[PDB]
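Chains, contacts and geometry: an overview
So the chains spell out like this:
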Amino acid sequence: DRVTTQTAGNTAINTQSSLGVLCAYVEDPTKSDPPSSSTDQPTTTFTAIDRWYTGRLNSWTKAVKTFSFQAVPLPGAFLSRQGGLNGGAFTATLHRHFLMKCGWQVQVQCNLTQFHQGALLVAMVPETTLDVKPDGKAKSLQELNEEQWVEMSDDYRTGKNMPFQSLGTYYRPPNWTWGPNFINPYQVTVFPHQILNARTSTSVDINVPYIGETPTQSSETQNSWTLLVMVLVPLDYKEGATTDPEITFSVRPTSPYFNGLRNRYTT
Amino acid sequence: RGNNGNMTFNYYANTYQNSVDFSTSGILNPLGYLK
Amino acid sequence: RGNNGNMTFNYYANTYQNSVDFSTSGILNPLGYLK
Amino acid sequence: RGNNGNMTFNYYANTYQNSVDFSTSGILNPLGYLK
Amino acid sequence: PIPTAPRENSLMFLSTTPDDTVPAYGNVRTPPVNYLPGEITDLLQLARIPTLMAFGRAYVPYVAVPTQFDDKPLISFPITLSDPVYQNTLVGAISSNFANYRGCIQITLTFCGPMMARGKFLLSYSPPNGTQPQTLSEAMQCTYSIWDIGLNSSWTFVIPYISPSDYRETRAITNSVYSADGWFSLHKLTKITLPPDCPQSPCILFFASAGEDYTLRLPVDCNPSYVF
Amino acid sequence: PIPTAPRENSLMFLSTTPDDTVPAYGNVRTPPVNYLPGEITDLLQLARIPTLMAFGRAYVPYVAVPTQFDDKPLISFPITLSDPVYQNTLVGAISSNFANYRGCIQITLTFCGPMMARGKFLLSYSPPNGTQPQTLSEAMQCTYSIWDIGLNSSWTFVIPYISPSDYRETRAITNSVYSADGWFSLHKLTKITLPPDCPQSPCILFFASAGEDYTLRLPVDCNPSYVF
Amino acid sequence: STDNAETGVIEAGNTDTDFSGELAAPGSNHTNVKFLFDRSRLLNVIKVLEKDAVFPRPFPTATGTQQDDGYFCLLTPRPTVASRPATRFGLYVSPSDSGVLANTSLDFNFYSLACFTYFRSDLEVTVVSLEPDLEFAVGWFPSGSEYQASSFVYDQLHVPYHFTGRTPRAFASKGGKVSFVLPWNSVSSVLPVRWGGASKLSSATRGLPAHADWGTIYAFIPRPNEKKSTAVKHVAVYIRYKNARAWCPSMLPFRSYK
Amino acid sequence: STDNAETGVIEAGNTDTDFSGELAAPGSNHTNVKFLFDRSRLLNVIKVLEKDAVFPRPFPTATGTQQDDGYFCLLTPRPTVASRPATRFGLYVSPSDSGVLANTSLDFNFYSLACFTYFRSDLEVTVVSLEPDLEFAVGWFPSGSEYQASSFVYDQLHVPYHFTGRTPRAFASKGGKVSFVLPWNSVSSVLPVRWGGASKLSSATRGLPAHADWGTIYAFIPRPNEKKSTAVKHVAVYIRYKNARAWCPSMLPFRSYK
């Protein structure tokens, strides 16, 4: 029934209030074809990278307003080690390949009690730059610690604070008003999403395939999928209850096809 | 076929008019499958 | 067919030229029937 | 046939359009044969 | 020489002719796209995805439920797809780019309160009348559906398609019976009985998908007011 | 009279239309050309012919091999078909007149030293990285092939086609991963052991042919800089 | 009916699902992606070349560099600036100031129904003049090429090199128009409407696709450089997405509440 | 692999020959000779006749001879000078001097991919005007003919003899163009791109083919000599090599290293 144990490799996780694995865009997203933009033999999956990678996410208080979100880039969380999410045998292989191509199977745990209210919107958003600061560089670990939650201002709703190339002193700098990597917060449920309600479940189960402009994108730069935990209804609890419930997430890369072996990535 | 009302006759061939893909080797399905 | 002298060939199809009705499921009759 | 997309119909004949040679009586071969 | 007589619309560039044109750089083998999943065959595959509505209380997707019981609708909005509770739904933001529609708007709720909360909600669609109903007895006489709170926590209230025409307008410039199809209204039937040490004023969360027979017609020009 | 409506591109001279035109001096029997051998059916029959590369030391087709052993590549050049070690190869001088390619550049060597010379050479193709490899241990980790000197005196190092796209650019105006495909690098693995009374510093001679699957696309305008 | 919207799949129901009704007949299919995008729309009002131009230098550009701005039409629905692909879209509010006012363009009709991420279509360019009785000519160069910028002397007339070429230079008649369908020529398999990767490795801008385009058209008067006039002539570029295919559903732009 | 490049035949190999790889699918055939040369390009900007001209006298030419230079287009990709076939190609660097500045022409797009020696193709000439609203007319005379240079009086108007003839005088309309495909008419079987023989026996120039051409077109305003204007009008000649066949692989021009 509602007790699903998902054994993968050696790291098997459990849940007793599951809603069902939201397989996205296909029936079985585990099945995937090898890339057609490579002539060398691809490093397929093996039993050290077919496993669940559990990380941490920032806590969730009453001070979190509506639509204050928190983005986990994939596989950008393996590189920067966001939330302590260390890949181990996957990060040490993804730094030694130029073309990576995998589908993701994420699972966000957040254990609300029957006396709490509030609802997360855990969604897998394709192709956004929500981690990257508008100057052009990605956020560090302290910058993902000083704020704990990215507030949905006018710049995120419209698409105004996305990174850009500066025009220079020759041109007159325009009034920047729009950019196509916006968030429409009222329309995040078009993405593969499950609501982590306080009264139905403690873990959402999303399964996404590989999408991308090329049959295999780069390894050290891609932002194909992006885990996006958005607060729809703010947290509320009477005093005496368990304060600030923590949020985790478990990521399993389904069927990776690495290509282009080279040495470890040094800028 | 899209917004094409020319049911009868194509002068230029299918490779010149359209752009086919080279090979490697009513009913609206949902975009999310609960399993 | 009305005032149409083109007995031979219609280039555009019947849906593009005319406007058909979607389905739900010589001799001049009188307009008033005494019963 | 070259850069010719007219698969259907040639109005002028083959002698007028092209210029044939009067008679006297995929696979790319190499240009140098070691023997 | 084939004697042809060109028509009166010769050398006229019409923008939406159902016809191709002359190729200039033909015979290009594009790379194959068999690897990308989830091809949108039709844009009604996205109108049938439920998206958050937006309510004026910093506009809020949910509805706060006050414990003060007064005989009014808790939240109410007309079923007109240019109304500002519909500007950022895939039902509303696609159909604002069209001219007509046909089919059933589907409003889905989600009670985002605690598990121990009980209570009942009344979900009354009213046809267009001279005055919006306010009393619970005036919405009981309409088309309603009493929704219960329990183990399940959603209720897809399929708003029916009651229209004097085969299609309805989707942009109420001049308000009539062809664009505005009456009001939706959520009354709290019985008050929400919260146990001790549970948060007061829970939140009903609204969605807006489209029915399985939702149809659209006549693309018109969009509104570039987002880019400003 | 056949009523025809001419299009919006009527009386437009486009230079590369795939179509013939009206003959003016037809019915001319040209003399037969059955006697001439070696008809070029396709211009890839010439890209598959190995031609000399050119190296800045009066640019030199060969590579002088100094007997001073320092851990550097002996000669190195990026695999970009606009690089000036490729301006006068039939691989490079044909593909500079195109826009895309696909397939394997084939670098062929020829040790033009004495017969009694021995030694080994390392032929390492590196994929594009942040920095060109210089240490022998940094080129050992890449794709290499240790070449021996002996009775035979050539080694066709087929550089693989490792690309994130189906075609690669052939003119690195703005440098990216679509035009520059990493560096080639020839290290001397073991030093060349010359016997007494044999000339010091022999010469490795480089060629550059194309693979059996080398493909080209999209002719662009040439560069008339030769005629100046 | 009694459902669960936390699950992520909500089955769309009719009136007969909860009430006593029936179905409605599906009338039209104007929501078809191949039908919806197959119609022309304004892309960019670009100026017509009168001399051998210079393609604009890449960003950032310091002062003093004599280039030619607003003469090139980068055929992409994404936000562009100075005929190069950009990420943020900017428009001028108090434009009557100093500096060089950069040409920015955007496909307004596209993003209102670009509820998807990826997109592939054969573009159909129509270049309509904005000048009474102008004879012009439309150049092009594909996704991954560059503009040949010089002039070769023909009979003491500086004919520029953008007359010749292997790319289609379609000549308009006097008072006529230009219309030719361009194939999908980009090195990418699809055009990312939204993109989060980086094309380069070092000093790359996140979200800026390098080659998500159909190339760049330009307009040029087919007279040599000695016959250069003074008054600037404009031309309008209409595009149509023939045989459109759209993958990966996504968001629509945020309609404001004011 | 282990090969011998001294032998002269080096078999082209794939990645799978030496490494563990595979083949790549052959995408396009744009290297086909019949496909590559089947596209138009600028050949010569020639001036338009307004009177009964004189064909230029053969080389060397002393001063005082009243001829007409730069009015004739010798349809050949080889280097020409003063509408006659030449061997060396010369262009002017400081042209503002005395003497008669000779018209030199060359097919720039041809020699960059003329990696062969011999070539045979039916030429497709397009004569595009370089004058606003000009009505002109294109003459021709084949490989092995000469220009009939006089004028016969028609109703006291000196009509020149190059109106009439058995060779195609195609008349352009006012604002129209001329386009007609010419067959391979030379006495040679093929056109030598590179030639080392001599046509004559005594006082012959080595490497100058006498009849490696498609003839010579010219342009003339179809008014008699009394209606001769003053301002010189130009016209441009675009050629296309239909049904090209190329034999005997050869070299490409030396790209400089500066």
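Per the PDB record, this model was obtained through cryo-EM at a reported resolution of 3.22 Å.

**Some details on the overall build of chain G**
On a plain count of helices and strands, chain G comes out with three helices and 16 strands. Dimensions along the principal axes, computed over C-alpha positions, put chain G at roughly 85 × 45 × 40 Å. Among the 258 residues that make up chain G, the fraction classed as buried is 66%. Nonlocal contacts in chain G, meaning residues at least 24 apart in sequence, comprise 77% of its contacts between residues at least 6 apart. Accessible surface computed for chain G: about 8,300 Å², of which carbon and sulfur atoms make up 50%. Taking the 26 positively charged and 22 negatively charged side chains of chain G as two groups, their mean positions are separated by 6 Å.

**Some details on the interface of chain H and chain G**
The interface is formed by 19 residues belonging to chain H together with 13 residues belonging to chain G. For the pair chain H and chain G, the summed buried surface comes to about 1,500 Å²; carbon and sulfur atoms form 60% of the total. For the pair chain H and chain G, the interface holds zero salt bridges. Counting only elements with at least two residues in the side of chain H that touches chain G, the list comes to β2 (41-49), α3 (108-111) and β15 (234-249) of chain H. Sort the elements by how many residues they give to the side of chain H that touches chain G and β2(H) lands first, with four residues. Per-class residue counts for the side of chain H that touches chain G are nine nonpolar, four polar and six charged.

**Thoughts on the interface of chain E and chain G**
With 75 residues of chain E in contact, the opposing surface of chain G contributes 70 residues. Its salt-bridge partner being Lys242(G), residue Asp20(E) comes within 3.3 Å of it at the nearest N-O pair. Viewed at the interface, chain G and chain E are joined by 29 residue pairs in polar contact. Residue assignment for the side of chain E that touches chain G shows that the elements contributing at least two residues are β1 (39-40), α1 (44-47), α2 (90-95), β5 (98-102), β6 (105-111), β9 (154-158), β12 (203-210) and β13 (215-219) of chain E. Of the residues in the side of chain E that touches chain G, the class split is 43 nonpolar, 23 polar and nine charged. Pairing between β1(E) and strand β16 (residues 234-249) of chain G: two bridges, direction antiparallel. Along β16(G), the bridge assignment pairs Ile40(E) with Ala246(G).

What counts, and at which threshold
- Residues numbered from 1 in each chain as written, not as in the entry; some residues may be left out.
- Chains lettered and ligands numbered in written order.
- Part of a larger assembly, values for the part shown.
- Heavy atoms only, no water.
- Helix = DSSP H or I, 4+ residues; strand = E, 2+ residues; numbered from the N terminus.
- Buried < 20%, exposed > 50% of the residue type's maximum accessible area, 1.4 Å probe, protein only.
- Contact = heavy atoms within 4.5 Å.
- Areas by Shrake-Rupley, 256 points an atom, 1.4 Å probe, with all protein chains shown as cover.
- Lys, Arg positive; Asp, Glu negative; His and termini not counted.
- Charge placed at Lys NZ, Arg CZ, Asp CG, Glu CD.
- Buried area = accessible area lost by both parts, 1.4 Å probe.
- Salt bridge = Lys/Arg side-chain N within 4 Å of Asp/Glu carboxyl O.
- Nonpolar A, V, L, I, M, F, W, Y, C, P; charged D, E, K, R; others polar.
- Polar contact = N/O pair within 3.5 Å; in protein donor to acceptor, adjacent residues only side chain to side chain.
- Pairing = 2+ DSSP bridges.

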